[PDB]
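Participant: The following block contains the structure, expressed as structure tokens.
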Ligand SMILES: Cc1ncc(C[n+]2csc(CCOP(=O)(O)OP(=O)(O)O)c2C)c(N)n1
Ligand SMILES: Cc1ncc(C[n+]2csc(CCOP(=O)(O)OP(=O)(O)O)c2C)c(N)n1
Ligand SMILES: [Mg+2]
Ligand SMILES: [Mg+2]
């Protein structure tokens, strides 16, 4: 680390280009409206919430940026991409209001958006589709999301898809937020990728929410040390302009020594006392430092401020960051939390009114009025002139992309709809589907294949020589290889899946990884992706509890689908055949990037197990998209059942169908369930609608339009709940579900499918059991089947194993 | 960053204390047996998998540790806590086999454990309770887990609970793994806490899985840079002993320069060529770097090895790490990937046998035999001699603690079982329950409250005064304040929740945080916690989609219970009342830390909403623990329904019962469901048993014993699936579920409960709907209820809003 002073000395500091006095009047009005918005919300006494102290500490930092740096979306590019610190939203709304982009009625509806004309608590594009762009309130995601957004912008330029050289990514972070592993865990990537189009602005007010970040330490030195060691350009903005005289005349170096040795805890104590106290405990530590302010009054000493509140020091930092190349820059802005709010941090708000010279009658304070600048006023003119120079207003968002893509038709995937020559897997099918898309002139170069180190495990080796690996294996490479870093790969996926909005340049990402390390490991990011309206594909490879048989407990995924169904705009599928993978990918491509432009993303689990891939049944396309279709009906005069399967288990369910017919004379209807989740949601929607329209023609759940009423059995490679979720909509009185509940373990696929009780043997027993209960066959038959199949009726429940 | 040479120069290198020749004979046998184990598995052609190259590159590092450093569990402490790199498992098994702790039959069942006498693919305590200790295969979790384990050990010492001063925590990592954000994301914490009982060992073989970590750079320099920047003591083990005389002879320092300028890509090139290619491209880079290897034969040059393969260099690194104080130490060990395997990473087997002078004859080689050292042999004597001087063998694990605790009885929670004067929340009930435990002599000091910055939000501040905050507010503080770091807090919780096994010292942790940032954010650690047999409590505060009303989309949790039900050994509850909280916590304590010592952990969601807390009905104990109990029955002659509710929504379900009786003469049975998940699991266990015992009387799900067959409606603050999961077990033919599917948004609780269609008015309408559908009432009564309650029948579906 370096001395606890500004990185940029006054001598190298550029002249401030703006009208400081005018900007302060405008800024004071914004601080005011921000506070009023939150206080009005508090007055309603509805537990609405909202913060004020945070924006107060960073208001000047943002003000300098809005006046001289942030470029808004324009005809050439999406402008600067600003990841606003989540809880300072009231400050963004206040400025928007003054710019005339929001009404008073909207500020009055802060945190009350159910009725349509309110404002979200935090930046949520899903709720405010034309205003916010990036979800940042979940601490940690913003910084890593920003790093990969910056890398993605360079990717677009290097690929020759769009000149993004005029765009900068700004990430506004708190110092307490930096403790989240995601916040610093990927800062080395910025150095590897030379992201000089990235700027981290860390508001260092030395405090978390409940207390100091490191009371007996110096968080600023800690941050400087690690970012410096990571190869970043660190710019510290420590002290305001009043300190310049002091640091300049102290030829003893004692003041610096004092600033260096004083810890975060003591600095916080000062900002709760007064001038006299600072003179005694701070400057009074050494005779040399005591002499520097001897001729100063207590008031003059109390005026000394931290750098993050001085427009001149702030400007210098951002300007230098804008000139730095070959690496990312992080600005450490020293501020005071609860700035100008007094001890606090009706009438008690007249303190801030006087502190910031707010032009509001001390008679109207009770009314908590909003301040506005009339058209023609000096303030109004200035406010708009500075923004026009920067191409308009920010934040803003375009919900749809403008261009028309010529997507491939289902027929282009024709080869995958036919019976396959060799035994392949759904993952191999996925790769072949990707190849078809890579032949489409319209979207071939808009495709963004993303992988988490493991590429050989997914047979992606072929695409390598074909489209190359992005490596600024060169700068024209198309595939993003992020190594052992699912969160990083996920953030790359997110930047690509939202490029249609951010840069009005639709890109179509396909991120394939070990399904177990999907939602379970980066679920918080998947939730934010939905909020950000991500349109892309998440491919969970090596999925299924019993399919990735040798890997064991931390790799065998039998629940990612349970996690994915919790995300509203995520459409999940678990196909068993190659032709289903084709119809699904094609449909998803059409829904998200076709004229419909549906705001959803897809999650498709694929397998690493090879088996026979039959041809798609004529007319099954729509059923595949809806979640279920009938594969075949097998004759049998001793009984009749329904058998459902998905993923790798479907082949075993079909095996059971044959066993039931040839050994027991039991006939059956076999169905391939491509999506239990979409069928469950369709059913929930139908039942909701019918309940609200009791007098009208009821809607029938899709699954009830496919299945009949004979006893049913379902088996999958996931936990029982995956198939049980449609119980309510299944038109049969008997519905037994087999699943892989329990921790995985290492063994052969055969042994695991027997252990998890989902193989053909268990399907037969479950089906016979249902028939026996209906008196259609003797219970002894079921008991003998259990014996014949060597089933241990008394082994421990797999869930407890 | 320092020069690309060893940190410890030969002049400061301690004398190696062991028999190099003999240790190598032992090591070669371990290398051989590890390889045989994987090869034999492969021959089965069951896609079992397993690695070899990784252990080959790091065997010498682990060998030095086993011979001179690793302390085994003993009478004083749990010994050294080693987080073994998961993929080197075959090497640990090979050694255990040689030490006579594993049989040949077990080795032959490598990756085949369904039948009971096999070995897990990776370290999984759940699968091998007396062998493995820490789950490490999920990349990234190992390093952050180890940091907090080391922190926890200091805590135990500072709190006077146990002297852990002789324990060292070792985390063995791969360089590719360091890319995981969690790997380096928390390293500054080790510095803040001066964790001199922690050692990171990074195997830098320059390659991850599908290529190098950073071919165009120097991964070792990147790692040194960020770890040095984070305040760690970095020890680089770059070159073997053969280089010493050379480097010493080097006067122009040109050799140093040569090494510094060469990047990972180059080094991996020489790593494949030959002794001649090296004197040309490497030593032939500069004239001065030629005279050094002039009097050297191509064979002598090709002999130059990397430091990670030199026991003398490795020993010096660990010795220095062992003596270092004030901070953590990281050892960067330079090795060769697929070391000694030449061919790959029968001729192949013969090759390795000759390379390591393995004592296997040509006549036995095709049998892929394991090697053993008979008692009395030199190897057998030394192997066991070294371990005995180090207190025994490891890894080893003790599944149950020996001590007997005197747990508080339910009566000790008496005040919580009675009606409350003041309106409070389930979170307030939780804090009071904790205070009761803090008055119990036997466990008061064993409790470990854990928080992530936010404390006042959960009303915990009342405790900070009593037990204090751990801060080496002092070293005796009992509460762990981890700041904005859910993952870090989760790791501290894990270290404490498994202390009963690791240090034979049961500790009872309670980690409270915003439920949204629970499984969704650290789900991979929660899965690992179940594998590690964690026993403790996870408290999801501010839960429920409509209850954390002002925060919005990324805070409103209506799905954490869907994520938690995927973890086999996690018991989940969503209580509505304070007495339910008391009963649940008491039972959890008894089960996990009483005589039963059950290996499960608890997840309990609590609320921030205050309301009337009634008294616990007499005899409701069993029901509360099971998941459901009948609260009351309300008379009605025009019909009868069953109403189920949980969490904050129960209050509204009871309100609906009143309206149904008063306004429509419809009576009902009202139930409080404390856990839909335990109920669903119970139901699944019964149906499974019934399916497997067709000749026996069907067992009845507990929920079916409590409920009757009248139409039922269920409503919760979570998505519909949470209540729908018990559909198959509910005795009624009609079961309607209301839930909070869809993205959250900001507003009053009233508007959100109406928006998500879960409030009183919707429960009433759902109930009436089932009655009308059955014929008990006219449809028009439903249509008018919808009008009367001002319900918008055409409002968009909340899941889509
Ligand atoms: C993952 C996550 N955990 C916790 C919170 C709750 N939270 C909101 S603000 C805050 C503290 C912010 O501190 P800091 O980052 O230092 O910013 P400041 O407000 O001081 O500028 C916390 C913990 C959150 N939003 N996300
Ligand atoms: C979270 C997670 N992602 C991916 C994997 C798959 N994986 C297994 S080994 C490996 C690479 C190992 O490379 P490194 O850490 O450098 O160690 P080495 O084996 O080379 O010694 C990967 C990505 C995993 N186990 N966990
Ligand atoms: Mg802060
Ligand atoms: Mg490696």
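Just so it is clear, chain A uses Swiss-Prot numbers, and the residues here are 57-401, 415-541, 559-887, in order.
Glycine is no exception: its Cβ is also placed from the backbone N, Cα and C atoms.
I grabbed these lines from Swiss-Prot:
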| type | residues | note |
| --- | --- | --- |
| BINDING | A:231, A:261, A:263 | Mg(2+) binding site |
| MOD_RES | A:716 | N6-acetyllysine |
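Describe the structural context of each listed feature in the structure shown, including burial, neighbouring residues and relevant distances.
Facilitator: Under the three-state DSSP scheme, residue A:231 (Mg(2+) binding site) falls in the coil class.
DSSP assigns residue A:716 (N6-acetyllysine) to a strand.
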Participant: Inside 10 Å of the Cβ of residue A:261 (Mg(2+) binding site), count up the other Cβ atoms and send me the figure.
Facilitator: 27
Participant: Other residues near the Mg(2+) site, CB within 8 A of the CB centroid of A:231, A:261, A:263?
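Facilitator: For the Mg(2+) site, the extra neighbours are A:113, A:230, A:232, A:259, A:260, A:262, A:264, A:268, A:269, A:275, A:391, A:393.
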Participant: If you check the recorded positions A:231, A:263, A:716 one by one, which have a CB less than 6 Å away from any atom of ligand 3?
Facilitator: A:231, A:263
Participant: Which residue, out of the recorded positions A:231, A:263, A:716, shows the minimum number of other Cβ atoms inside 10 Å of its Cβ in this structure?
Facilitator: A:716
Participant: In DSSP terms, helix, strand or coil for residue A:263 (Mg(2+) binding site)?
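Facilitator: Strand, per DSSP.
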Participant: How far is it from residue A:263 (Mg(2+) binding site) to residue A:716 (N6-acetyllysine), counting Cα to Cα, in Å?
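Facilitator: Checking the Cα atoms of residue A:263 (Mg(2+) binding site) and residue A:716 (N6-acetyllysine) gives a distance of 61 Å.
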Participant: Residue A:541 and residue A:559 flank 17 unmodelled residues; Cα separation in Å?
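Facilitator: Spelled out: 17 residues absent, and the flanking Cα atoms 8 Å apart.
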Participant: Take the C-alpha atoms of residue A:231 (Mg(2+) binding site) and residue A:716 (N6-acetyllysine) and report the distance between them in angstrom, rounded.
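Facilitator: With the alpha carbons as reference points, the distance is 57 Å.
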Participant: Could you give the Cα distance in Å between residue A:401 and residue A:415, the residues bounding a stretch of 13 unmodelled residues?
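Facilitator: Spanning 13 unmodelled residues, the Cα-Cα distance equals 16 Å.
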Participant: Where residue A:261 (Mg(2+) binding site) and residue A:716 (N6-acetyllysine) are concerned, what is their Cα separation in Å, rounded?
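Facilitator: The Cα atom of residue A:261 (Mg(2+) binding site) is 63 Å away from the Cα atom of residue A:716 (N6-acetyllysine).
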